[PDB]
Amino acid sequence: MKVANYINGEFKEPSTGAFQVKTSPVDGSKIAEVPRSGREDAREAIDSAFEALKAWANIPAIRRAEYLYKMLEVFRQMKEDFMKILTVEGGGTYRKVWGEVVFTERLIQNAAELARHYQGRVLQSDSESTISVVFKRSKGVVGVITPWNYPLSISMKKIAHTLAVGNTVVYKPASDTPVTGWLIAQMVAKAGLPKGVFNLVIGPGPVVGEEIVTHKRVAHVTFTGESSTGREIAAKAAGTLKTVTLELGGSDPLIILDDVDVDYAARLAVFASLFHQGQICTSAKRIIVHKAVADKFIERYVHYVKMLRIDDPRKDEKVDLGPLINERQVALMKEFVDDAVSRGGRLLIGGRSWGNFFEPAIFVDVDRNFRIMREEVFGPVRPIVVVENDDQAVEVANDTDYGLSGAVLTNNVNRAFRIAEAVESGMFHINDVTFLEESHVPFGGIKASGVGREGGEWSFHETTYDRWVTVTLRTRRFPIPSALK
């Protein structure tokens, strides 16, 4: 299957001539031949975006909204194609790629809905005869760099909202999910957006991504990926004084208190910690349980983990877990497991690997020095930690460099609110999963989980700037030269 870049309105081959084969994580089957673009495909894309910017930003918002609704109609027609690819290229189960596609629809609609309603401000002026307002203005051409785990929805949240509010987009997907990127481009072009407004360039982050980050005609970069990558991207962005949105790692706590429906808490816990093989930035990566319910909770959780069906996600719709994205991740997960075992940890079930599939590894009796407590474990290896009181629940919760999401299960209004207040995270949920997400809410972290927020108006904040503009209606006397009446 032949996949190209999308630049300035047309599908074209990389300037470098170089291609690469994308393989399925399921069985290593060849899916598509895809570009390995170089710095100049990037430059061509960026310049294409820059030229298209003036018209795009200056048409009325309602017109951009129409194009997005057009985008939404095409997408609805392309739903199966997207699912099919998210499953086979990305390793997602039916149910996983169903939710991603449903949410993506809601993401695109949301960007459209909001385009006409992003308001500036009329201000009171401290001077007489002065009108003092604030406009919203497009930043310009915006780079969009994304990960492989939820590559469709994460990309569209960035891309659609960026487009809505008058920016042009240069977009480079994760190299592990380039076909999904190509389907996006397909969708954009069947919607008929003007040449240059949206651009796809497939290639390596350190090369294509970096050129995007360091280019002078790029006003802003929005990025989702690892926290180390984020730090380098911020560093490089400083060169041209462009702004950034960094949606980085997470190691989110799921705290269970003792006044819960223990069974329910275990069902929820299993879902939050292990959906998409724990391949989720807002995954319940670290589980924190109250002593009084720990034993029953651990029995039930393991009971339910054991029931998880692992299989070729192409077989049927009821498969619970697919494989990890690549062989490298399986290796990292067996490291995480080994370190725990070696450190005197107790393995309750799983931890085997066959192919790119990894059987969920659940640990108890850990301390703060385990790799699975100090690093983001982006896969199906989870520590359970037992604590004696709420104050201890919060210390374990916050004992991380990360600060993305988090959650607490309880029926006590005070305990819920106190624990919410004390956990150091960008997002928090009382009595739900850690990876709750709506289209228009402010998604983002603190500490090492990143900087800024995305979703609806918050996405608009990121890709626009405030502009103070005034009009003075009465002439005034000026203080210099003091020799004037």
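The numbering used is simple: start at 1 and walk along the sequence shown.
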Entry-level comparison of average CA B-factors, 140-148 and 198-206, reporting the higher stretch: 198-206
Higher-scoring stretch by recorded Cα B factor average, 28-36 or 439-447: 28-36
C-alpha B-factor winner, where the candidates are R116, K285, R374, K96: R374
Maximum C-alpha temperature factor, selected from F135, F75, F103, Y171: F75
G403 - Cα temperature factor, lowest/middle/highest third of chain: lowest
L332 - Cα temperature factor, lowest/middle/highest third of chain: highest
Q124 - Cα temperature factor, lowest/middle/highest third of chain: lowest
Ranked C-alpha temperature factor of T434 among modelled chain residues, by third: middle
Cα B factor band for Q20 (lowest, middle or highest third within the chain): highest
